[PDB]
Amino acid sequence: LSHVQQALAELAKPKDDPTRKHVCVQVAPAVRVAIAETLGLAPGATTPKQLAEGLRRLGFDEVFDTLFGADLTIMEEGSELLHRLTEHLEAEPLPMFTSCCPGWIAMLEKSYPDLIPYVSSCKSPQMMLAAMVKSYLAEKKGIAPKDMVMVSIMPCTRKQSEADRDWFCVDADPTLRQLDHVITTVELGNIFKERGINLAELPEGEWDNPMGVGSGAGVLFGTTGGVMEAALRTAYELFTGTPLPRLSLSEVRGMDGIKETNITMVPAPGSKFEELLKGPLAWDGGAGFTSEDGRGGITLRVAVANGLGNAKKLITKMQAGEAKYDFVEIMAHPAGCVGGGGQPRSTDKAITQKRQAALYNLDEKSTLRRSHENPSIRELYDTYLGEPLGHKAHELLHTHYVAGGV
């Protein structure tokens, strides 16, 4: 009936029931930090592996970290960004908009269909992971996609509408969903409480690797700063041969909910990028500089807009040419996903700051991890997907947009 009820019905089946399916769950980071609040505790007061244990006790056959999907998104979108940059250094338009927030995608399609060509063709992390589970993992385990159920726990309900886009299906059969059911943080919390499960008192469980082999979640130790920042890093580090530090965006004067930064990029010596330098949105042709000796570069102008109302104001200035950016992330909630509409309600005005702070442990925050270094990701491309942006990657991990909405 409801997606929660459908999910629980599948989990209710005995595992030796002939009609039992292989029921998988994936979990967003914003969920892991906020779920403790459903018990009246502080953000982060329950550990990620306590949650994994709780989910396994509900009956899930696989418990995945959505960050695995996010590593795919970083690979694809980093490649996409670099490709667009390359094309515009040679004379797929710039600026490029990210695509992970379904609140943005809905407003894009309904109110800004002329901007569609500028948006990343990448699916979200949850949809990339889901597509891979019902293709690669299904084949590896010898399970018919028909007998796989994919559930995600998300900080917002509208990840369901993302999941429901018709062509997010297996082998062109729209009844065979890549991602079946989305459950929110609060909904999951209520499931635990109704069953007398206290997450804070559980032993640590374990994650499953979407590759179907190896221990753990298939995600390396450390943090990325998110999909937008890591897509940037991927492109930057290839272009320059130098590391991109963790970003610190600064607030824009006289524009609510907008943060920005400028990234100067000098092409790596002897690279093709060094040789290269040597529509509705008025793109100024990029911000370029050059030195006397011939060591010039380009400056990449980046923006993050949180809140759709705030995003509309940014778009107006961009259309007017009063604001120039090359890469832009639009998220529908003011604090981003930690502030999603499926999150617990608090009287604390600073709850989203507490959630953001508890999102990752300090040890992991001191380690920068990079998607292309993940052996599980490497394996998937080497043995199944081929190349980022290739045909197979396009089929499974990329999407399109529909003027007027779906």
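Residues carry their position along the shown sequence, with the first being 1.
- The modelled chain breaks after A91 and resumes at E92, leaving 4 to 9 residues of the deposited sequence without coordinates.
- In the deposited sequence, the stretch from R253 to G254 has no residues without coordinates, so the chain runs on without a break.
- The mean Cα B-factor in the deposited entry runs higher for 361-369 than for the other of 58-66 and 361-369.
- Mean CA B-factor, 151-159 versus 164-172: the higher value falls on 164-172.
- Taking the PDB entry at face value, the top CA B factor among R355, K349, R345, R378 belongs to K349.
- The maximum CA B-factor among the listed residues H333, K146, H181, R233, taken from the PDB record, is found at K146.
- In the PDB entry, a CA B factor belonging to the middle third of its chain's modelled residues is recorded for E80.
- Compared with the other modelled residues of the chain, the Cα B-factor recorded for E109 ranks in the middle third.
- When all modelled residues of the chain are sorted by CA temperature factor, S291 is found within the highest third.
- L1 sits in the highest third of its chain by CA B factor, as recorded in the PDB entry.
- Sorting the modelled residues of the chain by their CA temperature factor places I298 in the highest third.
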